[PDB]
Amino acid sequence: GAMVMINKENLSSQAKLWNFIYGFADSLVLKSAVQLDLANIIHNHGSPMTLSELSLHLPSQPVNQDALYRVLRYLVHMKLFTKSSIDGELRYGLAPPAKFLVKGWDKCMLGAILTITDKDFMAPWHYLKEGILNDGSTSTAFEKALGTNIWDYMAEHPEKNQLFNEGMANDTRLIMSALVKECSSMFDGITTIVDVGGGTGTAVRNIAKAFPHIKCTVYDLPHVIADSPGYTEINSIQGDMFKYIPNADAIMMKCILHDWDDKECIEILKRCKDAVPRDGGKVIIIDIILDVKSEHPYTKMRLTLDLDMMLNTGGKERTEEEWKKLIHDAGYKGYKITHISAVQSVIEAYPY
């Protein structure tokens, strides 16, 4: 026979399923709160605001106040926003994690939120079954959903190119302080550095400002360098890192190697090794290290990014043992990991 239930089933376990089913509601309610700029209206106001007060400052008019109330009720329940009775009125304030929704500091996450929750950029996730049950197709889910591989897609869609680049610029802003303060000695002795796949230059503009002695270069594909500002003192070069890595004292790669399969990473890493001097040259990798055995605050999002790479780029997020095999296979002498209390860690890879 089958299981026969004879008493009340657990509500909490059913609610766990419902909450996972509706996970996307947290994503897309958060998207709307960002688009409405609620956190910044309140933060600029400097104290909790009534529904009416909030409405007057919203990005467009008119405002459906019943809808706004109901979205605020949901955001209160997420514990991003607060609601309380003050002097005879209901007033909406910010909870502590809403600080990341507030503009004007390095940990504001708004760019990354608008990129990741974009409708077209979410589409590949609908093709996850197809990533396992391939039917012999070797295309990424991104190509199944949007027509071609991610990099050529950005080349062909300027508005999406800009959205993607600004999400990565934001992710870079989140780490740059910890990188230039905690890892300052990594930049000792260096006179030149190339950020390979450096995006629209957030990382190099920050390194250049912190280390005015170092001649910095950003290097990426033409359509990304075309979405970047021009500065006289930083070199901007375009090209294909699979064919050319510029000789420099140090090469850096942030959120690059997680886009590629093992063979491709080894090829990239070998070319980076050949580009730096035997005397003090180093390759600085910034990417996730997946823990195998313990849970950390960013564990859940690092596993999420593992699937994101699987679907969107064809890459993966790697454990330390996997990083070790790759760096070994590329012919380096060894590596050193530095944690910077971020999603990614720093891995210095040292040639002979």
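In case it trips you up, residue 1 is the first one in the sequence shown, and so on.
- Residue-level annotation: residue 122 has coordinates in all of the other entries compared, counting only those that model residues on either side of it, so it never reaches the one-third mark.
- Coordinates for residue 178 are present in every one of the other compared entries of this protein that model residues on both sides of it, well short of the third needed to count it as often missing.
- Remark: stretch with higher mean C-alpha B factor among 173-181 and 263-271 is 173-181.
- Stretches 237-245 and 114-122 differ in mean C-alpha B factor, with the higher average recorded for 237-245.
- Between the residues 79, 282, 144, 160, the entry's highest C-alpha temperature factor is the one at 282.
- When the Cα B-factors of 287, 26, 53, 306 are read from the PDB record, 53 comes out highest.
- Residue-level temperature factors show residue 107 in the middle third of its chain, judged at the C-alpha atom.
- Residue 192: CA B factor lies in the middle third for its chain, per the PDB record.
- Residue 312 sits in the middle third of its chain by CA B factor, as recorded in the PDB entry.
- Remark: residue 155 belongs to the lowest third of its chain, ranked by C-alpha B-factor as recorded.
- Among all modelled residues in this chain, the alpha-carbon of residue 73 has a temperature factor (C-alpha) in the lowest third.
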